[PDB]
Every structure is written in structure tokens, then in C-alpha cells.
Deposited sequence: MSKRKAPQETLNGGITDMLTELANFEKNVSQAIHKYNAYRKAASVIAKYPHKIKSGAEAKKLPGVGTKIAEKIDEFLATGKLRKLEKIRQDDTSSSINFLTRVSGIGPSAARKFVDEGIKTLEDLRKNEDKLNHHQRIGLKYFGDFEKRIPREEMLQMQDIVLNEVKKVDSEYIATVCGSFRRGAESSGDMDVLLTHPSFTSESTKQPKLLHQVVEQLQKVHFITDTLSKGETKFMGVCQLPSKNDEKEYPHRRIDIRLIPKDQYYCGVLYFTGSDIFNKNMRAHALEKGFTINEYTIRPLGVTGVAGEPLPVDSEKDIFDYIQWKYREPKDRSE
């Protein structure tokens, strides 16, 4: 399917989704509209009516109604109205700043703070995260070409090995599935000395080395197991600077690493199907472990996992490359 097939409907639903999350603060309506937009974006026909669309799982009576009015008039009275509402459109916009959620955006607009300009004049009202999000507003909304991701991966793997050659690092997400672009970099980290039944400095030393070679530029959050921050590729001589990128790094126990790598490689539709096929076979898979059920649903101890393939073996599936993990 292509854009001009049902793009008007999906953009409409996505827009409605954002106002639910950011303004009405109804996260489940937000996910409902998104789910509806997703199943429509994949539907290989130009939708003629709300009734036709209601067949798809995720599209109910109200969205069917809203599709009918769009097809007949080319717009939605409610969407048009909230679009021009100065208060609501500002709350919705401010949430595009990383660190500014629905609650913060509401507070800012409550006291006349509506724009990036307003945010820039009111730095003392921003926490550390929001300042970084403000500083890199444009960059954070840019996607990352795979070639740059490869160059980013090169640096991460190199410095990680340089700190301790026994570290194991894996860049997951859509990148590992071979996507041509990425929204951010998701790095999963482990070490043989770190298990579940067992230094608290393993993550810090890696972050430290990446900051020191000036790859990591900023820190959003950082604990003993999870790092969230900003990075940037070195500028190729005289040429234009690279955009600042979002990078996450997590330290996972060795015995939970490949369950983690599997989960955060995705896709989410693939994960869903996989942990659906697994209950069938008497196993429960989460992001950490795989456990056996249990003649009455009582989960047993986590099974030993030493690779992604090990998980597939447990539930009698053949190993499927990250490339072929869209569903």
C-alpha cells in the first residue's frame, strides 16, 4: 500500500491520537487511534466507507463514523476545531520536546508558555532533560540514515571493546532488522561477570569512554543499568556538522541478555506473534526470560539461554534472521 491510498484517513487518526495523549491525557484512546491508523495503513484498497473500514480489527463504530464524514466532506469538524484552538494546539506542540509530556505542557501553556521561543526565555523553569530536548528539538525529529548508524555502531563497538574486550554489545531496534533509517540508537550491553544471581561500574565506564572520545555529548538520565543520552558523529573536516542523535545504553545480566536482544530487536508485531506461539507450546516469554508453564499456568524457573536461537529451539521455531522479523 502507498500513501495516497488512505493517507488522509491515517493522518486524521494519528492527529486525533496525539490530542488524546497530549491534551486529553487518555493514553488508551491514543493507542486505539494509532492501532486503527496502523491497520488502515496496511489495508491494500482505497476505503469507500466507514462500514468497509469497520471490518478491520481496531476500527469500531466511532472511527467508522469519523471516516464517513471525512469521505463526504474532506475533513472533521472536531479535528478542525481543536486544530485552531490556541490552548490545545500549543499543549500538543510542546510535547514534541523530549522531557515535556502532557502534564508539563499543560502547566506551561497554563502560564502563557506556548512556544519554543517562550521555552527559551524560561530556562529556569525547565529540568535538565527538557533543556536538552529544547536544545536539540530539530535534530531529535530527524531520522538517522543507516550509513550514519553504521558509523555510530563502529564507534560504540570499538570503544566498548577498548574498555574491556569481554564486553558484549549489540545495536538492536529496527537497525538490526536492516532498516534503511532509524529514530535513535539502542545499545544492549552485557559482561560475563554480570548475572542475575550476582561491579556497579560496568555501565559507567562505557559511558565514560564514549564521552571522553567526545561521541556522547549530553546525558538525559543515567543509573547503574540504564543510560539515556545524546551523541554525535565527528564532523568530516570542513563539511557540515552531523545532527545530534538520541542513544540509549542498557546493561543486562548475561543470563538475560539474549531475551533482551530478541525483545528489543522487534518488531513489536513479531514479538507479539512469537510470545503467542510460545504460550501455545507451554512457555512464557518476556523481555527478561523464558519460563515453562505449568500444567495449570504456574510458571517454572527461567530456562538457560545462551543465544537468540536457544529461545527459538525451546518453542520449536526455526531461527529467523532479524531481517525477516517484521511479523
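Comparing the deposited sequence with the modelled residues shows gaps at 1-6, 205-206, with numbering starting at 1.
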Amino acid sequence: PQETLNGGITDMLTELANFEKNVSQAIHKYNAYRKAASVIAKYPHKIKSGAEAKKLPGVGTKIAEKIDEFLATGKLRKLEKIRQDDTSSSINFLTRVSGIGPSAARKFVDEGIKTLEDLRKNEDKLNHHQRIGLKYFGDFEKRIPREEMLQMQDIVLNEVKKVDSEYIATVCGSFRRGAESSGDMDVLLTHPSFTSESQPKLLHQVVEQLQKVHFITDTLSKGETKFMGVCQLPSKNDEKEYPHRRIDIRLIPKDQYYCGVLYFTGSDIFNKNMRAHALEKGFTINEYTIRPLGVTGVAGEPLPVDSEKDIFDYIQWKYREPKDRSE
From here on, numbers count along this sequence of modelled residues.
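We call the rigid core the largest set of C-alpha positions that still match within 1.5 Å between the two forms.
Rigid core fits of the other structures in 7 other deposited structures of this protein place the C-alpha atoms of one stretch farther away on average; of 229-237 and 209-217, that stretch is 229-237.
In summary, of the stretches 53-61 and 24-32, 53-61 shows the greater Cα distance from the shown form in 7 other deposited structures of this protein, with structures fitted on the rigid core. At least a third of the other compared entries skip residue 199 while keeping the residues on either side. Taking the PDB entry as given, 231-239 carries the higher mean Cα B factor of the two stretches 141-149 and 231-239. Per the PDB record, of the two stretches 52-60 and 262-270, 262-270 carries the greater mean B-factor over its C-alpha atoms.
Per the PDB entry, 197 shows the highest C-alpha temperature factor of the residues 164, 197, 118, 208. When all modelled residues of the chain are sorted by CA temperature factor, residue 275 is found within the highest third. Residue 66: CA B factor in the middle third of modelled residues in this chain (values from the PDB entry). Among the modelled residues of its chain, residue 46 has a C-alpha B-factor that falls in the highest third, as given in the PDB entry. Sort the chain's modelled residues by C-alpha temperature factor and residue 246 lands in the lowest third, per the entry. Among the modelled residues of its chain, residue 308 has a C-alpha B-factor that falls in the highest third according to the deposited record.
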